[PDB]
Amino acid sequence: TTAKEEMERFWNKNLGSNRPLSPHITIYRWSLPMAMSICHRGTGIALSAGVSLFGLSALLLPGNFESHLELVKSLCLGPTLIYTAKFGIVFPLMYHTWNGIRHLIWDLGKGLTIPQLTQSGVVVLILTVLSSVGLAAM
């Protein structure tokens, strides 16, 4: 009875049985480390979604870039309302950038302890907020 045979028999038994699956995310406790990995996906997903939209529209939509910017100027420009879309663009990018460094630092083997996760994680958040409020102001 090899390890590969044991597994084929596990899946054969359980799927063919009226056994329920034990609840996971519905019951498992929220921790900062987890919530920050979830957000890293979303930012990553959202960010590619934008890079794809920007590149895809460069091929599909008529007119140049300025042409599209003059259409932005035309939609009754809000004063602080323009600083919002500018922040909404830059907030996920900064978060994903900082936490990305954090991921690279883990990939090196450093800072992988429960205390060090809470600190480095909290540092990322502060770094996101500050460089997000900072960039939108440029």
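Each residue number is its position in the shown sequence, starting from 1. Whichever C-alpha set is largest while still superposing within 1.5 Å between the two forms counts as the rigid core.
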| item | value |
| --- | --- |
| Of 102-110 and 76-84, which departs more from this form in 5 other deposited structures of this protein by CA RMS after core fitting | 76-84 |
| Mean Cα B-factor comparison, 43-51 or 82-90, giving the higher one as deposited | 82-90 |
| Mean C-alpha B-factor comparison - 22-30 and 67-75, higher one | 67-75 |
| Maximum C-alpha temperature factor, selected from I105, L60, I38, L112 | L60 |
| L117 by Cα B-factor - lowest, middle or highest third of the modelled chain | lowest |
| Third assignment of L15 from its chain's C-alpha B-factors | highest |
